[PDB]
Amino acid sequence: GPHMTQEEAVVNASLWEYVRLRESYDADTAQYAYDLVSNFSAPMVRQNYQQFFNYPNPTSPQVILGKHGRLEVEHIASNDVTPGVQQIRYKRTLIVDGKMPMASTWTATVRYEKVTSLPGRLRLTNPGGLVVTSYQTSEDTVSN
């Protein structure tokens, strides 16, 4: 049967939560998401996420979607590429008012480290001490 170590299970769960929190959007969960995403990103990753999410970015989901739209993420696969890097395929659905849900598929490439210590408030939401030290995402290319 498909065997995994608990440690491997914890990695996969945490990185997917990471992707889900970062790629999803709802005005109600924006502040909760923002905090968790930021807490578990190394300084450059945190900067790049915050720069995109925060006002005054014109293309921030906050500005574009606000209270009248949302982005939903559904897992497809997680693949370990080397130690400390994982690729995550996922489908992203845009749900706005008056329009059909518009969907697209993506691969996040996530590099991560393990820190041995976290404050209690962080350990509680990140039991495995994971920190994302590199992050990029690419949307599938469409032709016709």
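When you see a residue number, it is the position in the sequence shown, counting from 1.
Taking only CA atoms, the mean B-factor in the PDB entry is higher for 57-65 than for the other of 57-65 and 105-113. For the pair 26-34 and 95-103, the record assigns the higher mean C-alpha temperature factor to 95-103. Taking the deposited Cα B-factors for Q6, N144, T141, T137, the highest one is held by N144.
Out of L118, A77, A42, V81, it is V81 whose C-alpha atom has the highest B-factor in the PDB entry. The entry lists a Cα temperature factor for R89 that places it in the lowest third of the chain's modelled residues.
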